[PDB]
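[1] This one's a deposited entry, sequence included:
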Amino acid sequence: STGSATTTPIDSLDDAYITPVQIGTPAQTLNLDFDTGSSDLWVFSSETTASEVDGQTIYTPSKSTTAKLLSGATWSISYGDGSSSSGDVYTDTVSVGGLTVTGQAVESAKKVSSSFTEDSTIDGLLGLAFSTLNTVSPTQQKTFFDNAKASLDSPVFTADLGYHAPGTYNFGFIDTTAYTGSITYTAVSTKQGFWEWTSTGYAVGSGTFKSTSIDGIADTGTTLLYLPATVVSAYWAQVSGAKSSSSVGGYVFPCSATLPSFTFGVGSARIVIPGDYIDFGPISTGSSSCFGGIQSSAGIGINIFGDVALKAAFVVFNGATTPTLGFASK
């Protein structure tokens, strides 16, 4: 089997992407944030504290003839940005772009943190990291991909995120029309539960490529590109007036600037992030200070190839017995 679904930016900055997901019988369609940096499929629901729901579409398990309470199971998750959610668990039928999994753990939120409430466009998350990170207790649950894998034509999914435009998540096949040139595959460590890999270096603008190993994660659920402070300083030094602002929380730059591109290595291949992808606009409405899309990972404890990087590529998440990641230009 295969599946194919369009993923759409939630706003004009590509802060996140939402993908429609069918849950239950009859189908209830919720718009979920596909997150290769976590492993829980959780939703706003009829069980979510009412004051914490503000515009989201909710899953109502009592209206699904295929929903079953997973007795005794609870979940609780905290994300790198300080947001969180928790609740109980149902199993139900879940379909993405025509690909159906029966008995998928659907984690129903009883509580969500303010950042989730405040984002009316995101009805929940669909985790696509390794199932070892799943938070359900006392019986850990599998991701949608893990459950689908054996049925897929090939044990892969691909992320093709758009810049200020829709893109695509495919399951079970590689669309050879969706990228240019060849796909370069690189090794993955699953030791921390992430799609963790090592970039071979970087360049800033038309500058020379610096060969240096950068361990990090391919994370569709993180907006920005978080890299070592040395790398990030080298980038922003090429933008007149750019500076790190402790008050704002990262590098800012004059909105009048033209940003250089940023290249990252994948083996001997190179992915070029155009400068415009690195612009996250005014820090506050009407400001002439703009927020940068490349930020330091210092104090995160891990480098993160988030949407800024991934949307410059066609990305293969290969869930074969030995997982790998592939990147192509597009």
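    That came through fine. Numbering: from 1, shown residues only.
[2] Would you mind pulling up the elements that the longest helix belonging to the chain packs against?
    The helix that spans the most residues within the chain, counting by DSSP state H, is helix 229-236. Applying 3 or more CB pairs under 8 Å, 6 or more residues apart in numbering; DSSP states H and E, one finds that helix 229-236 makes contact with strand 196-204, strand 250-254, strand 294-296. C-beta: built from backbone N, CA, C; applies to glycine.
[3] got the angle for it vs strand 196-204?
    Angle of helix 229-236 versus strand 196-204, following axes from the mean of the first three to the mean of the last three CA atoms, to 10 degrees, is 30 degrees.
[4] how many other residues sit next to residue 24?
    22 (other CB atoms under 10 Å).
[5] Centre-most residue in this protein?
    residue 220 (1.8 Å; CA atoms, centre = their mean).
[6] I'd guessed that one sits against residue 36; true?
    Yes. Between residue 220 and residue 36 there is a contact under CB atoms under 8 Å: 4.5 Å.
[7] Overlap in contacts, these two.
    Listed as contacting both residue 220 and residue 36 by CB atoms under 8 Å, 6 or more residues apart in numbering are 128, 159.
[8] okay, now the domains of this protein?
    For the chain, curated CATH domains gives the domain ranges 5-174, 175-330.
[9] before we move on, back to that, list the buried residues of the longest helix of the chain.
    For helix 229-236, burial by neighbour count (16 or more other CB atoms under 10 Å) applies to 231, 232, 234, 235, 236.
[10] Same check on stretch 54-66?
    56, 57, 58, 59, 61, 64, 66.
[11] In terms of helix, strand or coil, where does the last one fall?
    Meaning residue 66. coil (DSSP: H, G, I helix; E, B strand; the rest coil).
[12] now do the one 4 residues further on
    Here residue 70 is recorded as strand under three-state DSSP.
[13] and the closest residue to it other than its chain neighbours, bridged to which residues?
    Nearest residue to residue 70, sequence neighbours excluded (CB to CB, 6 or more residues apart in numbering): residue 89, at 4.1 Å. Here residue 89 sits in beta bridges with residue 107, going by DSSP bridges.
[14] Cool, thanks, talk later.
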